[PDB]
Number of protein chains: 2
Amino acid sequence: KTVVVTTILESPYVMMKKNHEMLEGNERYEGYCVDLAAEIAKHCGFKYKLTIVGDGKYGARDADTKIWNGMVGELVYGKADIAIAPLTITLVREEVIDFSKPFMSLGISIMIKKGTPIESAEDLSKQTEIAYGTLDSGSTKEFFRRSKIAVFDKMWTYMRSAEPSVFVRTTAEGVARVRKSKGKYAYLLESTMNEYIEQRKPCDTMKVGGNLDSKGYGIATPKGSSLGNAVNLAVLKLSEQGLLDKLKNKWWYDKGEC
Amino acid sequence: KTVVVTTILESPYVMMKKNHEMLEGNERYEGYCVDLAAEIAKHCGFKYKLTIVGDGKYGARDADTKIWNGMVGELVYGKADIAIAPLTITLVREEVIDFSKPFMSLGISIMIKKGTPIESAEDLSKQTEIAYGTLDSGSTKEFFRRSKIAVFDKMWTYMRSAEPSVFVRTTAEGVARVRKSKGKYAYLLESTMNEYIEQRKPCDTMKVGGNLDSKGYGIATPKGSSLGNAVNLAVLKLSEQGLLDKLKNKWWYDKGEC
Ligand SMILES: NC(=O)CN1CCCC1=O
Ligand SMILES: NC(=O)CN1CCCC1=O
Ligand SMILES: NC(=O)CN1CCCC1=O
Ligand SMILES: NC(=O)CN1CCCC1=O
Ligand SMILES: N[C@@H](CCC(=O)O)C(=O)O
Ligand SMILES: N[C@@H](CCC(=O)O)C(=O)O
Ligand SMILES: [Zn+2]
Ligand SMILES: [Zn+2]
Ligand SMILES: [Zn+2]
């Protein structure tokens, strides 16, 4: 049987290739997670089809219906067999799906347009001129929603009520908002994506401050899946081979333009 | 049943209190892992007893006898229920014990005496004047033994045949050797321990270069243990609440001496 893999279009994890129109199936895509999927499948010995998550989301639980959306939902409701994406290992997700040991470390970070007078999260929290937000239906938004840290709690109070809305539907929308806003919008996103974007033309954004937290991405499977054990061992093996480091260099710094 | 916890005397994870001979049971010890153990136990709702691993080792499998030593062995052979220590998540260990998601990120790093003319592993590998080694029966030694990367295998070829032995039995032994060798010994050890020592008097050592790899410490349980699930959720909860960050600040930097 062919394993259905859910993933998400997010650079440089999964991107449409330049010449995709004349390519078919898995071939249409390239990126870190596309390379990772291929080695996972080889080591675990399965065939697979990459599918882009229908609703374009990572995954959160609707507070009223309790229904999961995004890639998490696809796993939970049996629409996909595995998710290979920059999907953050969190407590609420671990309660409903299984994660491999992390294949990448990261933390929440701040993206500004170059020249913006912001140096830290505390800086953002102490002013009103510069608006800031995060991605909808992701782990970053939940981080701020839940934080008991005075700075982050204060930021959340501001974000949850801001007008117009400071939240975005995709990372691309967030980055575009930063770029178009003349330094009046800052974007809270994962350090991995931040570091990638900082090295791509037009080279007008910057990661500022340290990471706000430390966590990891994992490969996710439905709870009790026959795949979970093999996938976990494969991640550890690839880590120890140095393959994960190699892929990181290939997609982040070999592809730098600035 | 009172949960038997195996750990290791390694600063600042587990250290004897000043007045330990007048104290009883868990109260004899202090440190990052002693603090973390108390929190894990409270969140999972179990009573526990801290015990120091008899052989003072982390854990490796003897190639001849095939017997696991150290903390790993305590779990494999049923002498302890859980290990709470700076125990690295590795593939060969994961094949015989279970790990939680990591509670700390780290990588192999280089410790030099200040002023030593070394900036990288590449530097080390290309010279002979300065000796270098690692801890016995640990994940760092196995990293070099198993590596297929040219620089690291060149280093392994040197270390395995160096005389006198460049390997040490404890982290403290390694650090003392650096401090006493007038710049002629460099020590390969995890960035966490390197960072801690750098902040301790006499303030004569330094971490140089980037990390050689990226991995994590996990809380370990015997394979298939019923504690595994609860412990993993507790680590993720404490991570998200920021407890782990607070503990690292407390034991590394708040106490800094340099
Ligand atoms: N982004 C990364 O390189 C993650 N890696 C690399 C090696 C091991 C690991 O967890
Ligand atoms: N208080 C902290 O040090 C928080 N940090 C810094 C780096 C990563 C992380 O979680
Ligand atoms: N290793 C991870 O993916 C996340 N981390 C890093 C340190 C502590 C933690 O929970
Ligand atoms: N090729 C690399 O970037 C290797 N590194 C650097 C830091 C951590 C790690 O595994
Ligand atoms: N990696 C995140 C998405 C990006 C973000 O929330 O900043 C997740 O799994 O939800
Ligand atoms: N954390 C390591 C010990 C220290 C080292 O090997 O550098 C282990 O679990 O083996
Ligand atoms: Zn097209
Ligand atoms: Zn491979
Ligand atoms: Zn709703």
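Below, read A as the first sequence line, B as the second, and so on, with proteins coming before strands; counting in each chain starts at 1. All values below were derived from every heavy atom in this structure, side-chain atoms included, with hydrogens, water molecules and symmetry-related copies excluded.
In this structure, B:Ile130 CD1 and B:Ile112 CD1 are separated by 8.5 Å, a value rounded to the nearest 0.5 Å. The CE atom of B:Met159 sits 10.5 Å away from atom OG of B:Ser165, with the distance rounded to the nearest 0.5 Å. Here the CD1 atom belonging to B:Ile149 is positioned 12.0 Å from the CE atom belonging to B:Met155, to the nearest 0.5 angstrom. Rounded to the nearest 0.5 angstrom, B:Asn232 CG and B:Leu227 CG are separated by 12.0 Å. With rounding to the nearest 0.5 angstrom, the NZ atom of A:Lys223 is 9.0 Å from the CZ atom of A:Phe99. Expressed to the nearest 0.5 Å, how far CG of B:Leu247 lies from CD of B:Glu39 amounts to 8.0 Å.
With hydrogens and angles disregarded, a donor-acceptor distance shorter than 3.5 Å links the side chain of B:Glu198 to the backbone of B:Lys207. No side-chain donor-acceptor contact under 3.5 Å links B:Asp213 to the backbone of B:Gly107. Between the B:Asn194 side chain and the B:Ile110 main chain, a donor and an acceptor come within less than 3.5 Å of each other. Counting only distance, with no hydrogens or angles, the side chain of B:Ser100 and the backbone of B:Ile219 share a donor-acceptor pair below 3.5 Å. Side chain of A:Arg28 to main chain of A:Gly25: a donor-acceptor pair is present (N/O by atom type, distance under 3.5 Å, no hydrogens or angles). Side chain of A:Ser239 to main chain of A:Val235: no donor-acceptor pair is present (N/O by atom type, distance under 3.5 Å, no hydrogens or angles). Using a distance-only test at 3.5 Å, with no hydrogens or angles considered, no donor-acceptor pair links the side chain of A:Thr2 to the main chain of A:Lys49. A donor-acceptor distance shorter than 3.5 angstrom exists from the side chain of B:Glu173 to the backbone of B:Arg169, with no hydrogens or angles considered. Judged purely by atom type and a 3.5 angstrom limit, A:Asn26 uses its side chain to pair as donor or acceptor with the backbone of A:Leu50. When atom types are taken as modelled, the side chain of B:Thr51 and the backbone of B:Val5 share a donor-acceptor pair closer than 3.5 angstrom.
A:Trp68 places none of its side-chain heavy atoms less than 4.5 Å from the side chain of A:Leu75. No side-chain heavy atom of B:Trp156 sits less than 4.5 Å from a side-chain heavy atom of B:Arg146. Between A:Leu244 and A:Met104, the closest side-chain pair of non-hydrogen atoms is not below 4.5 Å. In this structure, A:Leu238 and A:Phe103 have side chains that are not in contact, with every pair of non-hydrogen atoms separated by 4.5 Å or more. Using a 4.5 Å heavy-atom cutoff, the side chains of A:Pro86 and A:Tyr58 are in contact. Counting heavy atoms from C-beta on, the side chains of B:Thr7 and B:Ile52 come closer than 4.5 Å. Between A:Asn69 and A:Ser137, the closest side-chain pair of non-hydrogen atoms falls below 4.5 Å. Put simply, the side chain of B:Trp252 reaches to within 4.5 Å of the side chain of B:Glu195, judged on heavy atoms.
The shortest non-hydrogen separation linking B:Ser214 to A:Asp245 is OG-OD1, 4.5 Å. Taking each heavy atom of B:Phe143 and B:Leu212 in turn, the nearest pair found is CZ-O, 4.4 Å. Considering every non-hydrogen atom in both B:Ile97 and B:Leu87, the closest pair reads CD1-CD2, 4.4 Å. Heavy-atom minimum distance, A:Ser139 versus A:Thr90: CB-CG2, 3.9 Å. Across B:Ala85 and B:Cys33, no two heavy atoms sit closer than the pair CA-SG, 3.6 Å. Considering every non-hydrogen atom in both A:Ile40 and A:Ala234, the closest pair reads CD1-CB, 3.9 Å.
The environment of NZ in A:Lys246 is sparse: at most 12 heavy-atom neighbours from other residues, nucleotides or ligands sit within 6.0 Å. For B:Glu119, the CD atom is loosely surrounded, since the number of other residues' heavy atoms within 6.0 Å does not exceed 12. A 6.0 Å sphere centred on CD of A:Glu24 holds no more than 12 heavy atoms belonging to other residues, nucleotides or ligands. The environment of NZ in B:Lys237 is sparse: at most 12 heavy-atom neighbours from other residues, nucleotides or ligands sit within 6.0 Å. Atom NZ of B:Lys154 sits in a sparse spot, with 12 or fewer heavy atoms from other residues, nucleotides or ligands closer than 6.0 Å.
Cation-pi contact between B:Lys141 and B:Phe167: present, with separation from the ring centre below 6.0 Å and deviation from the ring axis of at most 45°.
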Apply salt bridge (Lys or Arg N to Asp or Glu O under 4.0 Å) to the pair B:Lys57 and B:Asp136, showing each step before the final yes or no. CA-CA 8 Å; B:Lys57 293 168 170 292; B:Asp136 279 330; 5.3 Å; no
Would you check, one step at a time, whether the test side-chain contact (heavy atoms from CB on, under 4.5 Å) holds for A:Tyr29 with A:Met15? CA-CA 6 Å; A:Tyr29 310 105; A:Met15 305 175 288; over 6 Å; no
Is there a side-chain contact (heavy atoms from CB on, under 4.5 Å) between B:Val166 and B:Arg177? Walk through the geometry before answering. CA-CA 10 Å; B:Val166 294; B:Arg177 189 165 170 176; 4.2 Å; yes
Checking side-chain contact (heavy atoms from CB on, under 4.5 Å) for the pair B:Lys215/B:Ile89: CA distance, chi angles, key distance, verdict? CA-CA 7 Å; B:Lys215 47 204 185 192; B:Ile89 299 166; over 6 Å; no
Given the rule in the side-chain contact (heavy atoms from CB on, under 4.5 Å) test, do B:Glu10 and B:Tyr196 qualify, once you have shown the distances and angles that lead to the verdict? CA-CA 11 Å; B:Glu10 180 78 75; B:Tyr196 167 78; over 6 Å; no
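Side-chain atoms of A:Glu190 and A:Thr88 include a donor-acceptor pair closer than 3.5 Å. For B:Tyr187 and B:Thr205, the side-chain atoms include no donor-acceptor pair closer than 3.5 Å. Side chains of A:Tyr217 and A:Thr192: a donor-acceptor N/O pair is present below 3.5 angstrom, by distance only. For A:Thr140 and A:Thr134, the side-chain atoms include no donor-acceptor pair closer than 3.5 Å.
With respect to B:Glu142 and B:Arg145, a salt bridge is recorded, a charged nitrogen being found less than 4.0 Å from a carboxylate O. The existence of a salt bridge linking B:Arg61 and B:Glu95 is excluded, since no basic side-chain nitrogen approaches an acidic carboxylate oxygen closer than 4.0 Å.
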